[PDB]
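Okay, so here's the structure we're looking at.
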Protein chains: 2
Amino acid sequence: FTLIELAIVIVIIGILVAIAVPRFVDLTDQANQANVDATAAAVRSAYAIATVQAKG
Amino acid sequence: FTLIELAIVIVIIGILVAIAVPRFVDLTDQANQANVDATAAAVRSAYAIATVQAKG
């Protein structure tokens, strides 16, 4: 590579770095809560259906 | 409520409706006739008792 091409590369690397980038976040607490809540809704419906099947 | 529970409800409502149900009927004519007849029997007895009391 010519020295000019390396100079251009040295410039552009410095500009394509110094972007923002997202953090990874452990969102499993929020997702676990929604899983527990959705499951609780399912248990209530499953119970209601069971009261008809059981006739009691 | 879950969509399944609502689906089950939509089914069962449609089946617990479409029973027969009795009409109310104005049976007061038949009851009034029986009242008049029972009262007429009472008047006859009250009259008969009165003929003894009155000695005439």
Exercise for the section: Kindly put B:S45, A:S45 in sequence by how many other C-beta atoms sit within 10 Å of each C-beta, fewest to most. Expected result: B:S45, A:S45
Problem - chain B - mean residue ellipticity at 222 nm from DSSP helices (-39,500 (n - 2.57) per run, n ≥ 4, rounded to 500) - result: -24500 deg cm²/dmol
Practice task
State the residue of chain A whose Cβ is nearest the axis carrying A onto B, and the distance in whole angstrom.
Solution key: A:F1, 2
Fill in the blank from the handout: On each of the three principal axes the extent of the alpha-carbon atoms of chain B, given in whole Å and largest first, is 87, 19, 10
Exercise for the section: State to the nearest 20 debye the size of the charge dipole of the protein assembly as shown about its Cα centre, where the only charges are +1 on K and R beta carbons and -1 on D and E beta carbons. Expected result: 760
Practice task
Count, for each residue of A:4-15, the Cβ atoms from other chains sitting within 10 Å of its Cβ, then give me the mean as a whole number.
Solution key: 0
Practice task
One decimal, nm, shortest first: give the distances between the label point of B:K55 and those of the same position in the other copies, each label point 7 Å from Cα along Cα→Cβ.
Solution key: 7.5
Problem - Qualifying chymotrypsin sites (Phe, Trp or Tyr not before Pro) for chain A [loop in DSSP, other Cβ within 10 Å: at most 10] - result: A:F1, A:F24
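Output needed for the protein assembly as shown: three equivalent-ellipsoid semi-axes, defined as square roots of 5 times the C-alpha gyration tensor eigenvalues, in descending order, whole Å.
For the protein assembly as shown, the semi-axes come out at 98, 16, 14 Å.
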Problem - Inter-copy spacing of A:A31 label points, which lie 7 Å from Cα along Cα→Cβ, given in nm from shortest upward - result: 7.0
Exercise for the section: Would you please give the FRET efficiency between A:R44 and B:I12, computed as 1/(1 + (r/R0)^6) with r the Cβ-Cβ distance and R0 = 25 Å, to the nearest 0.05? Expected result: 0.90
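Because the Cβ atoms are built from the backbone with ideal geometry, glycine has one as well, and the counts that use them run over all protein chains shown. Throughout, read-outs are computed from the coordinates displayed, never taken from laboratory work.
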